[PDB]
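Visitor: Here we go, the starting part of the complex in its complex frame:
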Amino acid sequence: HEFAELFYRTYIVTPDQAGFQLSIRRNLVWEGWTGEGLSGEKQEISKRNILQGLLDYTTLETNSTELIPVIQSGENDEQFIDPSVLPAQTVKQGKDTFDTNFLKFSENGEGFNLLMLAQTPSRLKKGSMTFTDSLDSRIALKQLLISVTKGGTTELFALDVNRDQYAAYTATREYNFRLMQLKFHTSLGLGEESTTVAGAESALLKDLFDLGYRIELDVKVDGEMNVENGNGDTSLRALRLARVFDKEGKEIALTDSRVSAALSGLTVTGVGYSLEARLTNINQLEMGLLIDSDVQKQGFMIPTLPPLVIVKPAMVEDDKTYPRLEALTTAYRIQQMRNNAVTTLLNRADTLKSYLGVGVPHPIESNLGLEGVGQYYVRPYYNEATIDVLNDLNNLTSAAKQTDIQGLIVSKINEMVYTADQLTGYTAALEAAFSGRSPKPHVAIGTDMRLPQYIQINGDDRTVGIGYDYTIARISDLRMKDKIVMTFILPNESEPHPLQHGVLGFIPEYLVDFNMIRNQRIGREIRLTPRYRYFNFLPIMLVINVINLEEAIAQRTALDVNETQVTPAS
Amino acid sequence: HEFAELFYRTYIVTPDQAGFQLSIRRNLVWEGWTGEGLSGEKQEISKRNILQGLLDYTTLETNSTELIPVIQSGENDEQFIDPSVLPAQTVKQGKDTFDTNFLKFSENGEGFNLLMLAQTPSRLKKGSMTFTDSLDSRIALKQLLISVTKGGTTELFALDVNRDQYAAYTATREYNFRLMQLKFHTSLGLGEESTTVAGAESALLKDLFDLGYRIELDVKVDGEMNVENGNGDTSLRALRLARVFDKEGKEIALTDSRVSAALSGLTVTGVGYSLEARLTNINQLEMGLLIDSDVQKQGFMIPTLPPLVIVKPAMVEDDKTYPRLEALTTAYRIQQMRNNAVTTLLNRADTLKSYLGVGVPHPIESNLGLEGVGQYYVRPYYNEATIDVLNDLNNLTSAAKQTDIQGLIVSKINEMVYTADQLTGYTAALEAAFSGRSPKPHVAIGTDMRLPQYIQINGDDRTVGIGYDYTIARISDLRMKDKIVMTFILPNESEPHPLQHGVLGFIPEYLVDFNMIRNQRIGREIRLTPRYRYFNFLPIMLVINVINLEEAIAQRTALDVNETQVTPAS
């Protein structure tokens, strides 16, 4: 029966075993483990799976290797700018908490060693780096800090210079092969919507900004650094206010009165900078986050079901007298394959109602009381809506009523399916589970013989299919009256997998021929014993219950006659 | 002529037979015969069609072989929970009625024999069981009843547990090869809307539920049972409150003031449980429902009809003077096919209206007075609706009338089609008719040659077939002026069948050439006497009576001049 296979696919189970088991490969991200205490009770291991990383990014992030300058009281305060220019900043790295600040411009020729400044509390406990830690080929500046001062007022601009094709250190062989040199000569443009470090609007250049002007600073930076021992130095060579431009981009001279007043007594000066430094770790000293593999596996069972029976006299041949075969087959089909499936679907819907709540997502590894193993691959989610067609629409005419109902119902179904999809990330689960092919996720829609007049859109073939494929079903059961139950399935595959909506564990049972005495009357009989049961993996379901449809359609035949019988005029 | 065979398939019939007969092999499910008392009156055998099971699910279902704990007052109540906690409940299996209740959690180590803690009156009458039968491989917990006591107020919760796979007994031998144990190791959660046993929202957990909080209970249930002889045990091992969830999934401890108020002195203890267990019926102790085949027969006769005659002067050749039979063929075609088709169709329509009335469905096999054998498969149904085109609409402009009329007619016709198909279950019957392919049900639209400009809506790929296919036919008869006749037909088969709408039993006709002397005339004569008859099988028909359409058409020429003649402005 068509409705059956669309939600539960036939998977033949051999009669030898009494069921089938499934294995789940769960991958998890380690954070740490139970150190030294003295309790004697449950110790808890902190575990999240990677699939949580599909929902957000911060759960899987590490910068253990990145070289970061670190400030210590009275040991390297000389090479950093004093906190009277900009207070210390807090940055979190690994398990340590430490403060950092912009490096001071060394103009006299004095050098600085980045490896000395790059000692964090984590690396100190490990010992001290000797000469093995090698700086990678990528070194660049985070920001250049330029000081705009006019009349004693100081404003700082954190200009991201890392986004430039002249801001990366380049190898250039002069003395040694491990020496990296820096050659930075661009025209840094300070815009008109830029803000200071704290975020406030700039006040020393507000007048030019109000006229729609942007100012060009010509910057000249020289530096060199050795990747073997980390010694080196950086110098500022030239920085001066170069040009002023209008809205469209015509040059305006510095001595012109349009910009002289705002730039009178205005000086630009370099203060500090940072470096994008990172260790090769040829010998490895860091660990970062760990990864673990665990399998949580569940068993599934194949019941038996109460038998069917046929009566027949024995002494004659059954070849051409009294029912053969087709009676039992039809009874089995109708009784067993359809009605039980509908009952299972309704029970599943109500079970989700009971356990999960309406419209409220739950994080992965949610309540385990839910049927199936879908909760290791996707957020559980259940939503319910009710549409009263009579309330939302008022039109006496019957001409376009049915089209309007189509529009309303399709609007509801598409909106709700996309909201559920975004809240669940099911597509993210499919695209993570398969590498090489990414079949388009499939939404199945089951309903009775009344709704399908409202899921179509005239002149259209994209009805619920905008980024998905659809397949609608039809069923005659009364409990399935005027309601739509929808969920996700996978067209391609036909064996158990934690993303199939449901699987029907089936075992075929054979015909049986025995002659049973009954009240001193012998009658040979044929017994057919069902063995099957519908199972449920995915804990996702969506139900639209359309009520009071009859009266709206009656309005087609209950209109107050708008009749106008006037004499023809031409 | 298209309108003819689109409704009746021309089934050839051999000239030797006087007609064709159909045998309809019917499947009937036995229920019971009344009158084994000695009275000597007609016994009435309650036979009901399985095909009626397409609509209802209570047609074929049983739970007789599955074992149910039966209360036997004064002998085995010790194994049951005291009904002072929960009153006894009655259930129905087969023709027996008995009261049931939850089995008590035995911590005192003495168990229960599930076989002998069962047996219905029917099983006792057939004979008390003697280890003739074993138990099924699948046994699982069905319901857990836990009592919530806080401040002297007790609330009972009937939790459905059968949808967790840790309650399904797992085969693991250590003593016998038929001994299975149970480990229930998970958490049970109570939602903000979980109804209690009384059938309403809670009153002690209402404070948490109203704020969107959920409570999780960790449950630790173990049990042992052997299918060999019904030996078994089950004990409660642990129960406490584990954690509390907010409306988002962040954990909140018991100590927190938001949840501590409603959990002070809150004690939860499980009191009882039920069992899902059943007999293997290897010995076939139990009788199932019965299916029998009965055969029905209908005979149809092919009659003779009035002749047609051409007079021809005789003593000359019959070849190239006076009609060479062309007039015979044309008259034969027209007279014997086209007029008779519409005659039979309209008479059948009024015949259906006479018996079934408007919009009144009938139960299956409830009428035998109607023509046809379709009553053995589908519900008889006849409906009638009239569209007053002018009175249902109000528009003046001539331009949009076409689209508006098209929309109205399509809406009404499609709604009628779907309502009729839902009320008849025709599609389910068609699906059950064949295995391996289910042709899409086909709707026939035969109407006069005025309307068809309205059944098609411009820009529609799917015109009237949203979940069906259609074929449009036209005829020039004056009787069908502004009328639509509808049914369901089978286009891909050409043979008689209970699901065929109608068939032309046709006989090839042999030309007769005898010379008859008529009033002393010696004239060559030719005879072409037809024999055929139109039949009806399916008692399904829908008629659309469109009246007053011409006036709404002329309303295009009846608008009251809307002119706007003003000087151009730009």
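Guide: Okay, I see it. Numbering: from 1, shown residues only, chains lettered A, B, ... in the order given.
Visitor: got the residues of the stretch 151-300 of chain A near chain B?
Guide: A:298-300 (C-beta under 8 Å from any C-beta of the partner chain). C-beta: built from backbone N, CA, C; applies to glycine.
Visitor: could you flag which of these are buried?
Guide: residue A:300 (16 or more other C-beta atoms under 10 Å in any protein chain shown).
Visitor: Now intersect the residues of the stretch 151-300 of chain A next to chain B with the strands, please.
Guide: Judged by DSSP state E, those include A:298-299 as members of strands.
Visitor: Tell me how far residue A:181 lies from residue A:173.
Guide: The gap separating residue A:181 from residue A:173 is 10 Å, by C-beta to C-beta, to the nearest Å.
Visitor: go on, residue A:438?
Guide: 47 Å.
Visitor: So which bits of stretch A:171-188 are buried?
Guide: So, applying 16+ other C-beta under 10 Å, buried residues of stretch A:171-188: A:179-180, A:182, A:184, A:186, A:188.
Visitor: Tell me the one among these nearest to residue B:521.
Guide: Residue B:521 has its nearest neighbour among those in residue A:186, at 121.8 Å by C-beta to C-beta.
Visitor: tell me which parts of the stretch 351-500 of chain A are close to chain B?
Guide: A:351, A:353-357, A:360-363, A:366-371, A:397-403, A:448-450, A:452-453, A:456, A:458-459, A:461, A:472, A:474-479.
Visitor: and with 6 Å instead?
Guide: The stretch 351-500 of chain A has residues A:351, A:357, A:362-363, A:367-369, A:371, A:398-400, A:402, A:449-450, A:452-453, A:456, A:458-459, A:476 near chain B, with proximity defined as C-beta under 6 Å from any C-beta of the partner chain.
Visitor: List only those of the residues you listed flagged as buried.
Guide: A:351, A:357, A:362, A:367, A:369, A:371, A:398-400, A:402, A:449-450, A:452-453, A:456, A:458, A:476.
Visitor: Okay, and which of those map to strands?
Guide: Among these, no member lies in strands (by DSSP E).
Visitor: Narrow those to those in helices?
Guide: A:351, A:402 (DSSP state H).
Visitor: all helices for the stretch 351-500 of chain A, in order.
Guide: Here the stretch 351-500 of chain A has its helices, by DSSP state H, counting those that start in this stretch, at A:389-392, A:401-424, A:426-433.
Visitor: roughly how far apart are residue A:269 and chain B?
Guide: Distance check for residue A:269 against chain B: by C-beta to the nearest C-beta, to the nearest Å, it reads 49 Å.
Visitor: Over to residue A:193?
Guide: For residue A:193, the distance to chain B equals 37 Å [C-beta to the nearest C-beta].
Visitor: and the spatially closest residue to that residue that is not a sequence neighbour, how many residues sit next to it?
Guide: Among residues not flanking residue A:193 along the chain, residue A:209 sits closest, at 7.7 Å (C-beta to C-beta, 6 or more residues apart in numbering or on different chains). The number of residues packed near residue A:209 is 18, by other C-beta atoms under 10 Å in any protein chain shown.
Visitor: With just CA atoms, put whichever strand or helix holds residue A:209 into PDB.
Guide: For residue A:209, the element it lies in under DSSP states H and E is helix A:206-210. The C-alpha trace of helix A:206-210 is given here as PDB (Å, rounded to 0.1, in the frame of the first residue of the first chain):
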ATOM      1  CA  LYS A 206      33.900  65.200  12.000                       C
ATOM      2  CA  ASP A 207      33.800  68.300   9.900                       C
ATOM      3  CA  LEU A 208      35.400  66.700   6.900                       C
ATOM      4  CA  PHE A 209      33.200  63.600   7.300                       C
ATOM      5  CA  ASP A 210      30.000  65.700   7.300                       C
END
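Visitor: slot chain C in:
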Amino acid sequence: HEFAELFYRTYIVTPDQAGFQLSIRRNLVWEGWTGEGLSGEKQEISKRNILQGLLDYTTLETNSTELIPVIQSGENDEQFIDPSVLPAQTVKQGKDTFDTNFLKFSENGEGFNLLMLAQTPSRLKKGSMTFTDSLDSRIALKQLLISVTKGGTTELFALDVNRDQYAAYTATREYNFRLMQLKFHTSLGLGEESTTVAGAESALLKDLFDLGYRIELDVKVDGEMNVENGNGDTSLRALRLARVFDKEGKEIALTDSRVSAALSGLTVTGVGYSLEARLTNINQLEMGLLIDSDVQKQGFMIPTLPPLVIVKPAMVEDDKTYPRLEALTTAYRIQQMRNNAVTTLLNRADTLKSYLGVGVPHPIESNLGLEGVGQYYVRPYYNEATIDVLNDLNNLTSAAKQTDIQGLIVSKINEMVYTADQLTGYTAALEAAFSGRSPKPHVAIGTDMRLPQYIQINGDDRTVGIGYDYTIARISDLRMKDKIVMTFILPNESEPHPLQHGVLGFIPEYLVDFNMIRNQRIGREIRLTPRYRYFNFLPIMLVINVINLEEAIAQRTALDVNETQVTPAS
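Guide: Adding chain C to what we have so far:
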């Protein structure tokens, strides 16, 4: 996914080099160097890119071989018309300013030497010689200056004669092997829309023109020219009023009273004429615009990133037991591609917003502080718009609300894309870049899960593009919630190109196996150091911020009651 490579075409590079080096070529057109610094100050060679000529018509223009008369006091006054009738006109060719005026009909029969009147001051500086030159075969008159005078009022009509094919000089070698003939013998018409040289409408013919008549005169002008010698003469032979037309194209005689009064005493006199002459430039006298090629180059380098770790028992095989490699590959794929991709995309969007401003384009070549190389090819442009779903739309009854939302979204996206294309000139650069192929520019539109229900409109295949190709992708990050990102990409190419959007610099790294001691343990550390980078090229992005969408969606179910339960009427 698809989203990642859809915006950053993956490019593999050999692990032997720290990155890939890129070189581009530029074609610039030379005008002149602005300034000689006798103080030693720099010189600025004013260069502009040639592809700037795709959007303008002026920055590359040539006029250096036209032969244009030059007025000289006391040297050629008698060859020019009276300056009183028409003052001197200013004309620019090359870098010389001079005055030119029309040449009078030489009825005295003494000719002119064209190579004299058109010697430019550049040629005077170039030397003084006009006798190795040769005139091109193409000679034709620019304009005939006819004087419409009546009673002392003079009007001048600058009539473009170059667009009549009888004004082209034709070779008639009948006197010498280098003479060519001029015979312009036809009728020119002065329509109602005829405009004077100063730009005013006609005054003497205003009476007829207001009566919609058209006046055409027969022009009979003859002349000769010699290329080798420069000798030639052209004299007026016959000019006269000819005939009069009406609106319907029906000839009106000159003697008619309605026109005779306004045409008697009206004298039409030919004042001056000009010639189109071009030097064959067989002798190399003029250098056109000079264009030069200079090369710009940038180096793109790849970093190394923090590693991932697996802990593992060390005494046995690393192959067939315990956490395998698929854990590693899954962690790598989810972490290093996706998260860094979206981070880079968002950071680039905000960086472009910060430096460039909204709605203000910049000329070809601009501030260099933006990464990329397309700035050398196209105009930088950034624009962002915020659509307010709730405020912009007002619909109560659910039906076409979803359709209306699609209308909003499509309107915004189409207008943004097309306006950006016009202000950037992307398509011109694309077609200029490739010879032999020119795919229609492809627009990439990637967003989160919920919005694609509005990106396409129902009923068509051309969704977001009328002359473009598009690909819609979905991403699952929360950062990209309810926002749309747009830019241009090129699918066919798979290698770095100035018009490509961005490149995924990839270097594969092998995983290492060794022996490790960690905190006095013997374990296995399977290690992989990832190396990858995302580079930016095109400084063009379009961003849409969708807000209050949830309120408008709720407005579907927030409509007030609209119900009319009226009695049936027909």
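Visitor: in the helix holding residue A:209, what counts as buried?
Guide: Buried residues in helix A:206-210, counted by 16+ other C-beta under 10 Å: A:208-209.
Visitor: what about it, near chain C?
Guide: No: taking C-beta under 6 Å from any C-beta as the criterion, helix A:206-210 and chain C are apart, separated by no less than 10.5 Å.
Visitor: what sits up against that helix?
Guide: The contact list for helix A:206-210, computed with C-beta atoms under 6 Å, 6 or more residues apart in numbering or on different chains, reads A:192, A:262.
Visitor: so after it, what's the next helix or strand?
Guide: strand A:214-226.
Visitor: who does the helix or strand just after that following strand touch, helix- and strand-wise?
Guide: As assigned by DSSP H and E, the chain's next helix or strand after strand A:214-226 is strand A:231-245. Applying 3 or more C-beta pairs under 6 Å, 6 or more residues apart in numbering or on different chains; DSSP states H and E, one finds that strand A:231-245 contacts strand A:214-226, strand A:267-278.
Visitor: Sheet-wise, list the partners of the following helix or strand past the shortest one with their directions.
Guide: The reference is to strand A:267-278. Using DSSP H and E, the next helix or strand after strand A:267-278 towards the C-terminus is strand A:290-295. Using DSSP bridges, strand A:290-295 pairs in its sheet with strand A:25-30 (antiparallel), strand C:308-313 (parallel).
Visitor: May I see the buried residues of the very next helix or strand once past the last one?
Guide: Spelled out, it's strand C:308-313. Going down the chain from strand C:308-313, the next helix or strand is helix C:326-332, by DSSP H and E. Neighbour counts using 16+ other C-beta under 10 Å place C:327-328, C:330-331 of helix C:326-332 among the buried residues.
Visitor: What lies in contact with helix C:326-332?
Guide: A:27, A:291, A:293, C:308.
Visitor: could you redo the last one with a cut-off of 7 Å?
Guide: A:27, A:50, A:291, A:293, C:308, C:310, C:526, C:528, C:530 (C-beta atoms under 7 Å, 6 or more residues apart in numbering or on different chains).
Visitor: And that helix, how far out from the chain middle?
Guide: Offset of helix C:326-332 from its chain centre (C-alpha atoms, centre = their mean, to the nearest Å): 48 Å.
Visitor: Over to stretch A:514-526?
Guide: That offset, for stretch A:514-526, works out to 64 Å (C-alpha atoms, centre = their mean).
Visitor: go on, stretch A:120-138?
Guide: Distance, centroid of stretch A:120-138 to centroid of chain: 36 Å (C-alpha atoms, centre = their mean).
Visitor: First residue to last residue on that stretch, what's the distance there?
Guide: Using C-alpha to C-alpha, to the nearest Å, one end of stretch A:120-138 lies 21 Å from the other.
Visitor: check whether that stretch contacts chain C.
Guide: Yes: between stretch A:120-138 and chain C, judged by C-beta under 7 Å from any C-beta of the partner chain, the touching residues are A:136-138.
Visitor: So which bits of that stretch are buried?
Guide: For stretch A:120-138, by 16+ other C-beta under 10 Å, it's A:120, A:122-123, A:129, A:133-138.
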